[PDB]
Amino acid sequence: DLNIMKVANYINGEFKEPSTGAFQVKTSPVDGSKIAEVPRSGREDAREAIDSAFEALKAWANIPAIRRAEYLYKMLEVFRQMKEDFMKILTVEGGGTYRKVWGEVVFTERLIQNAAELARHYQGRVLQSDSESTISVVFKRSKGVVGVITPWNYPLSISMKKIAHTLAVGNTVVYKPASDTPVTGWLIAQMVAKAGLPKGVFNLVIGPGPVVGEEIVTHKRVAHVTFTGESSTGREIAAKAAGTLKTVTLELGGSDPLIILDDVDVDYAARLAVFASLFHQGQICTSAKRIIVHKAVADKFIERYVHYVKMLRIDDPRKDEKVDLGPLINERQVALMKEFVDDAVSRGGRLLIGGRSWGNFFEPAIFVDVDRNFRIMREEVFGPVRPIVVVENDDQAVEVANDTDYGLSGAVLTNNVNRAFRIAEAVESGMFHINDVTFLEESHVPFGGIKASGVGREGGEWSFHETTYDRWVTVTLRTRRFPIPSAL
């Protein structure tokens, strides 16, 4: 419906343009074609949205949970009617294949539903008192106005996980989508508005991170920021947020290890590895970005892995439902992947396959004979350039897996219960998966990292933990003597 409606901000129940009126033109990464004019908001716009959410907060937090749940179920109903719209935009604006965006839309449905389901069930605790005649309990309360700042790779699911769960437990929301995915953010507003949430409870401000996002992060009426993006941005936001003592949730990068032992079905290992390391062009935080394989099956693994990679079809992702890979999000991502490929070649790496690019498209590029000094070993490679590392034993497997600043997810493939468990215990990561892909994700599990991959957990009640606080309350039923004045 972009052919009949202007893309706008959503502030205090109203779709409207930024106060300056300034806009930019969102183009498709597929063919550079125009998608829509979109707001280029500034600080006054963020402030208006923040004030709207702050003024809406008390009423929203004080209604019974069941009523917030009702609003989220209504949102879910609206989402279901809007699925194709979301799929269409995820593809032409974000470059996602039919399969990727179908996955994203199906998961988003589950996220909204999960948030609705859990709203009424987030519990506090009744405690024993060490004192006589004392009732001692612990309540759960909303943090307040919550800033939601998101990336471009899974813009729908990542945004809605944060928005629906944050809204469910009685916070209001100021939402700033990634500048490469603004129409997705706008469709989210369309959804919310049609679900008729009270004005100010949810607000959309479209504009630059360093301007609109920074305002959200430094404003005293914002209680908490939940953020998903680059670790460098996370560190910046964490620093900025300190000024007003607001808490943060930081879902940052990853360089996930996929560990492949010698007792596996090697053909299966390769099929799983291709999917985990290259789905959505590798632009996934929990992409299998460093493939680690036991020497005993390495030659056969490498051959199969490449075989299946050679079958990957790259095309305009609107062409049909069977396209494997779309383009990268912009030209900067292409240039960066060229730097990764060139650095790996210069250092003596063997390029097994791929390496061409055109427009924003970038082929899978696979390397062996890499060492720890390679950029594609030291940095997050948010794209389809992937190293394969050969190791002699499980000790080395772990050493390499852990030889990174990151610590989001990870996986081992093996049929041996002992090796599976020891490697799982020893790999330093927020999440781990035995015999599955690295990017496994469920709507209600604690999703998050350690080390440079961030802080906190999201999904279900973990999302609730991030944006509530505990409130110890006592009642004393007896009177007592006090120690001062002692002369009594």
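Residue numbers here begin at 1 and follow the sequence given.
**Q** Going by the average Cα B-factor in the PDB entry, point out whether 134-142 or 400-408 comes out higher.
**A** Comparing 134-142 with 400-408, the higher mean C-alpha B-factor belongs to 400-408.
**Q** Out of 455-463 and 420-428, which one has CA B-factors that are higher on average in the deposited record?
**A** Looking at the record's C-alpha B-factors, the answer is 420-428.
**Q** Among the choices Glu93, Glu363, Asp320, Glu109, identify the one whose CA B-factor in the record is greatest.
**A** That would be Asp320, according to the entry.
**Q** For the CA B factor values reported in this entry, which option in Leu250, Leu352, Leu197, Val205 has the top one?
**A** Out of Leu250, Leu352, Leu197, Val205, the record gives the largest C-alpha B-factor to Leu352.
**Q** Going by what the PDB entry lists, where does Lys338 fall on CA B-factor within its chain: lowest, middle or highest third?
**A** Ranked within chain, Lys338 CA B lands in the highest tercile.
**Q** Would you mind checking where the Cα B-factor of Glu442 ranks among the modelled residues of its chain, as the lowest, middle or highest third?
**A** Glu442: CA B-factor falls in the lowest third of its chain.
**Q** Ranking the modelled residues of this chain by C-alpha B-factor as given in the entry, is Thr244 in the lowest, middle or highest third?
**A** Its C-alpha B-factor belongs to the highest third of this chain's values.
**Q** Using the B-factors in the PDB entry, rank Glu230's C-alpha atom against the chain and give the third, lowest, middle or highest.
**A** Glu230: CA B-factor falls in the middle third of its chain.
**Q** When the deposited Cα B-factors of this chain's modelled residues are ordered and cut into thirds, is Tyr268 in the lowest, the middle or the highest one?
**A** CA B-factor rank for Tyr268: highest third.
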